[PDB]
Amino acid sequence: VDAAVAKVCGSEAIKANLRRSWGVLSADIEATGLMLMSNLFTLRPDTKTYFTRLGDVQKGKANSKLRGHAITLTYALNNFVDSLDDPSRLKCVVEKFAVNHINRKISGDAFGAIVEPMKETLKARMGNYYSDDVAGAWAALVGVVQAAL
């Protein structure tokens, strides 16, 4: 966890890429959350096994349980971005976040299923501001969660 936190917090390039991309996503957090979940289930349908409670995830916004989850997910991302200046905060916020994910038996490898879906979401929402380095920044941040699981 400490090494993963240091990789993110010690890099001005990673932090700048996370802040600019989050700024863009924050124009519509509900649409962002729904788009991320859609990309997760389309690219990584294997992950649907973890989301039985949500019912028919193909329904998108019209599924109120999926909608509540998609919106709520973005507030964890908001907290992570607001933690980037402070390694001690990013550490304790990620370890807090990890508790329920550990309880649901989501391994670091399983959680990593989010990475390519996040890359596609970034491509579809950032226009020409998208870069490989932006995707890399998000993979590093997801790496902090993976280390905690």
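A residue's number is simply how far along the shown sequence it sits, counting from 1.
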Mean B factor on CA atoms, stretches 80-88 and 55-63, record says higher is 55-63
Of 30-38 vs 43-51, the stretch with the larger average CA B-factor in the entry is 43-51
Note to self: of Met118, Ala70, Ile106, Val94, the C-alpha temperature factor tops out at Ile106
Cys9: CA temperature factor from the record, placed by chain third, in the highest
The third of the chain into which the C-alpha temperature factor of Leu18 falls is the lowest
Entry-reported C-alpha B-factor of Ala124 relative to its chain, by third, is highest
Chain thirds by Cα B factor, record data; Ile114 belongs to the lowest
Temperature factor at the Cα of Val142, chain-ranked in thirds, falls in the middle
